[PDB]
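Trainee: Contents of my_file.csv (CSV, C-alpha atoms):
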```csv
chain,number,residue,atom,x,y,z
A,5,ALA,CA,96.7,93.2,125.2
A,6,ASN,CA,96.3,97.0,124.7
A,7,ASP,CA,99.8,97.1,123.1
A,8,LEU,CA,98.7,94.5,120.5
A,9,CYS,CA,95.6,96.6,120.0
A,10,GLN,CA,97.7,99.8,119.4
A,11,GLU,CA,100.0,97.8,117.1
A,12,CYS,CA,97.0,96.7,115.0
A,13,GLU,CA,95.5,100.2,114.8
A,14,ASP,CA,98.9,101.6,113.6
A,15,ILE,CA,99.4,98.7,111.1
A,16,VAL,CA,95.9,99.2,109.5
A,17,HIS,CA,96.2,103.0,109.5
A,18,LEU,CA,99.5,102.8,107.6
A,19,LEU,CA,98.2,100.1,105.2
A,20,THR,CA,95.2,102.3,104.2
A,21,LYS,CA,97.8,105.2,103.4
A,22,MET,CA,100.4,103.0,101.6
A,23,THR,CA,97.9,101.0,99.5
A,24,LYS,CA,96.9,104.3,97.8
A,25,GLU,CA,100.6,104.6,96.4
A,26,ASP,CA,101.2,102.8,93.1
A,27,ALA,CA,104.9,102.3,94.1
A,28,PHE,CA,103.9,100.2,97.2
A,29,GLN,CA,102.0,97.7,95.0
A,30,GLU,CA,104.9,97.7,92.5
A,31,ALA,CA,107.5,97.0,95.3
A,32,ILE,CA,105.4,94.1,96.7
A,33,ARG,CA,104.9,92.7,93.2
A,34,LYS,CA,108.6,92.8,92.2
A,35,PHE,CA,109.7,91.4,95.5
A,36,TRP,CA,107.2,88.4,95.1
A,37,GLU,CA,108.4,87.8,91.5
A,38,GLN,CA,111.9,86.9,93.0
A,39,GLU,CA,110.5,85.1,96.2
A,40,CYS,CA,108.3,82.8,94.1
A,41,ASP,CA,111.5,81.3,92.5
A,42,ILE,CA,113.3,80.4,95.7
A,43,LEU,CA,112.8,77.5,98.3
A,44,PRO,CA,110.1,76.7,99.7
A,45,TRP,CA,107.8,79.1,97.7
A,46,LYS,CA,108.8,77.4,94.3
A,47,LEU,CA,107.6,74.0,95.6
A,48,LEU,CA,104.2,75.2,96.8
A,49,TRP,CA,100.8,74.1,95.3
A,50,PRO,CA,98.8,76.4,94.4
A,51,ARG,CA,101.7,78.0,92.3
A,52,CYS,CA,103.2,81.1,94.0
A,53,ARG,CA,103.2,83.2,90.8
A,54,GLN,CA,99.5,82.4,90.0
A,55,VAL,CA,98.5,83.3,93.6
A,56,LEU,CA,100.4,86.6,93.3
A,57,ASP,CA,98.7,87.4,89.9
A,58,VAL,CA,95.1,86.6,91.2
A,59,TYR,CA,95.2,87.9,94.8
A,60,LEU,CA,97.6,90.8,95.2
A,61,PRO,CA,95.5,93.3,93.2
A,62,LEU,CA,92.4,92.4,95.4
A,63,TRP,CA,94.4,92.5,98.7
A,64,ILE,CA,95.6,96.0,97.7
A,65,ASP,CA,92.0,96.9,96.8
A,66,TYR,CA,90.7,95.7,100.2
A,67,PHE,CA,93.0,98.2,102.1
A,68,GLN,CA,91.9,101.1,99.8
A,69,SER,CA,88.3,100.7,101.0
A,70,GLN,CA,86.7,102.8,103.8
A,71,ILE,CA,88.1,101.1,106.9
A,72,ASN,CA,88.2,102.5,110.5
A,73,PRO,CA,91.3,101.0,112.0
A,74,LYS,CA,89.9,101.0,115.6
A,75,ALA,CA,86.7,99.2,114.4
A,76,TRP,CA,88.5,96.6,112.3
A,77,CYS,CA,91.0,95.6,115.1
A,78,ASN,CA,88.2,95.7,117.7
A,79,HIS,CA,85.9,93.4,115.6
A,80,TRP,CA,88.6,90.8,114.9
A,81,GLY,CA,89.7,90.3,118.6
A,82,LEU,CA,92.9,92.4,118.7
A,83,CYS,CA,91.5,94.8,121.4
A,84,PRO,CA,90.2,92.6,124.3
A,85,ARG,CA,89.6,95.6,126.7
A,86,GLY,CA,88.1,97.8,123.9
B,7,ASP,CA,107.7,109.8,102.9
B,8,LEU,CA,107.1,106.3,101.4
B,9,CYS,CA,110.4,105.1,102.7
B,10,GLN,CA,109.3,106.1,106.3
B,11,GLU,CA,105.9,104.4,105.9
B,12,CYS,CA,107.6,101.2,104.6
B,13,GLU,CA,110.1,100.9,107.5
B,14,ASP,CA,107.3,101.5,110.0
B,15,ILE,CA,105.0,98.9,108.5
B,16,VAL,CA,107.8,96.3,108.1
B,17,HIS,CA,108.9,97.0,111.8
B,18,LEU,CA,105.4,96.7,113.2
B,19,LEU,CA,104.7,93.5,111.2
B,20,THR,CA,107.7,91.5,112.7
B,21,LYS,CA,106.5,92.6,116.1
B,22,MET,CA,102.9,91.5,115.4
B,23,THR,CA,103.9,88.1,113.8
B,24,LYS,CA,105.4,87.0,117.2
B,25,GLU,CA,101.8,87.0,118.7
B,26,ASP,CA,99.5,83.9,118.5
B,27,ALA,CA,96.5,86.2,118.8
B,28,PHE,CA,97.6,88.0,115.5
B,29,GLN,CA,98.0,84.9,113.4
B,30,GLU,CA,94.7,83.6,114.8
B,31,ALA,CA,92.8,86.9,114.0
B,32,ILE,CA,94.2,86.9,110.4
B,33,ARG,CA,93.2,83.2,110.0
B,34,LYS,CA,89.6,83.8,111.3
B,35,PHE,CA,89.1,86.9,109.1
B,36,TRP,CA,90.3,85.1,105.9
B,37,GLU,CA,88.2,82.0,106.6
B,38,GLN,CA,85.0,84.1,106.6
B,39,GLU,CA,86.3,86.4,103.9
B,40,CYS,CA,87.0,83.4,101.5
B,41,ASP,CA,83.2,82.6,101.5
B,42,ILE,CA,82.0,86.0,100.1
B,43,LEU,CA,82.4,87.6,96.7
B,44,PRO,CA,84.8,88.0,94.8
B,45,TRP,CA,87.1,85.7,96.9
B,46,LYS,CA,84.7,82.6,96.6
B,47,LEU,CA,84.9,82.5,92.8
B,48,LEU,CA,88.7,82.8,92.6
B,49,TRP,CA,91.0,80.1,91.2
B,50,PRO,CA,93.4,79.0,93.0
B,51,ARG,CA,90.8,78.4,95.8
B,52,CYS,CA,91.0,81.1,98.6
B,53,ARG,CA,90.8,78.5,101.5
B,54,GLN,CA,93.6,76.4,99.8
B,55,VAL,CA,95.9,79.6,99.5
B,56,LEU,CA,95.2,80.5,103.2
B,57,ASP,CA,95.9,76.9,104.4
B,58,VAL,CA,99.2,76.6,102.5
B,59,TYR,CA,100.6,80.1,102.6
B,60,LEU,CA,99.6,81.9,105.9
B,61,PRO,CA,102.0,79.8,108.1
B,62,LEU,CA,104.9,80.4,105.7
B,63,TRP,CA,104.3,84.2,105.4
B,64,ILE,CA,104.0,84.3,109.3
B,65,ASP,CA,107.3,82.4,109.7
B,66,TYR,CA,108.8,84.7,107.0
B,67,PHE,CA,108.1,88.0,108.9
B,68,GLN,CA,109.2,86.4,112.2
B,69,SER,CA,112.8,85.8,111.3
B,70,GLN,CA,113.8,86.4,107.6
B,71,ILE,CA,113.8,90.2,106.9
B,72,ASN,CA,114.3,93.7,108.5
B,73,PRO,CA,113.0,97.2,107.4
B,74,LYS,CA,115.9,99.3,106.1
B,75,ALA,CA,117.2,96.4,104.0
B,76,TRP,CA,113.7,95.4,102.6
B,77,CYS,CA,112.5,99.0,101.7
B,78,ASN,CA,115.9,100.1,100.3
B,79,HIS,CA,116.3,96.8,98.3
B,80,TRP,CA,112.8,97.1,96.7
B,81,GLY,CA,113.0,100.8,95.7
B,82,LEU,CA,110.9,102.5,98.4
B,83,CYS,CA,114.1,104.4,99.8
```
Output the file's structure in the form of structure tokens.
Mentor:
Amino acid sequence: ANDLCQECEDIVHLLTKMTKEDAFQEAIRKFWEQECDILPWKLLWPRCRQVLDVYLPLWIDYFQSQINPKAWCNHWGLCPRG
Amino acid sequence: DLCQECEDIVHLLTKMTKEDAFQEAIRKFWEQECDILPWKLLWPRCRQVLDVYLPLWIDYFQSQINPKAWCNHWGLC
């Protein structure tokens, strides 16, 4: 729906802004330190902490790149009417 | 400023995680994205992380946290 399209555009727009802030990455990191030590996260294979160490810097980097929110949401099927 | 951005993103994410189309779009994007550089050379394997963690994160944002509490608790407010 158009509402899901607008939600996507807003999400991506805020993520491009927030990923530039060092505090946002720090908060996500600290929160995941604690979440990796509670159920079910602690039982998971690949290990939660290893995933957080390898992938969070790259996920943060992806959203710091030049992304047009309207284009990204449109390309991945979240705007069926355009 | 950051506190406002956080609450907005957390709020929009719970909403979006209740849609099948959203989970499906994330899934398709990461499947193709796991086959290009630098993702394809990463250990633990990108496809394995997606397969094991995406349903759990989705289920996490659907019913386990709210914005004021998350942002305030993790130092953004």
Trainee: Figure out the distance between CA of residue 15 (chain B) and CA of residue 68 (chain B), please, to one decimal in Å.
Mentor: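 Interatomic distance, CA of residue 68 (chain B) to CA of residue 15 (chain B): 13.7 Å.
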Trainee: With distances taken over all atoms listed in the file, which residue among A:41, A:69, A:24, A:55 lies nearest chain B?
Mentor: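 Looking only at the distances to chain B, the closest residue turns out to be A:55.
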Trainee: For the interface of chain B with chain A (cut-off 10 Å, counting only C-alpha atoms), please tabulate each contacting residue of chain B alongside its nearest pair of atoms and their separation in Å to one decimal, rows sorted by chain and increasing number, as a tab-separated table.
Mentor:
```
residue	atom	partner	partner_atom	distance
B:8	CA	A:22	CA	7.5
B:9	CA	A:28	CA	9.8
B:11	CA	A:18	CA	6.8
B:12	CA	A:22	CA	8.0
B:14	CA	A:18	CA	8.3
B:15	CA	A:15	CA	6.2
B:16	CA	A:15	CA	9.2
B:17	CA	A:15	CA	9.7
B:18	CA	A:15	CA	6.7
B:19	CA	A:15	CA	7.4
B:21	CA	A:11	CA	8.4
B:22	CA	A:11	CA	7.1
B:25	CA	A:8	CA	8.3
B:27	CA	A:82	CA	7.2
B:28	CA	A:82	CA	7.2
B:30	CA	A:81	CA	9.2
B:31	CA	A:80	CA	5.8
B:32	CA	A:80	CA	8.2
B:34	CA	A:80	CA	7.9
B:35	CA	A:80	CA	7.0
B:44	CA	A:62	CA	8.8
B:45	CA	A:59	CA	8.7
B:48	CA	A:58	CA	7.6
B:49	CA	A:58	CA	7.7
B:50	CA	A:50	CA	6.2
B:51	CA	A:50	CA	8.4
B:52	CA	A:59	CA	8.8
B:54	CA	A:50	CA	7.5
B:55	CA	A:50	CA	6.7
B:58	CA	A:48	CA	7.7
B:59	CA	A:48	CA	8.4
B:62	CA	A:45	CA	8.6
B:63	CA	A:45	CA	9.9
B:76	CA	A:35	CA	9.1
B:77	CA	A:31	CA	8.4
B:79	CA	A:35	CA	9.0
B:80	CA	A:31	CA	5.5
B:81	CA	A:31	CA	6.7
B:82	CA	A:31	CA	7.2
```
Trainee: Any idea what the distance is between CA of residue 43 (chain A) and CA of residue 71 (chain B)?
Mentor: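 One can read the CA of residue 43 (chain A) to CA of residue 71 (chain B) distance as 15.4 Å.
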Trainee: When you draw a straight line from CA of residue 13 (chain B) to CA of residue 74 (chain B), how long is it in Å?
Mentor: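 Taking CA of residue 13 (chain B) and CA of residue 74 (chain B), their separation equals 6.2 Å.
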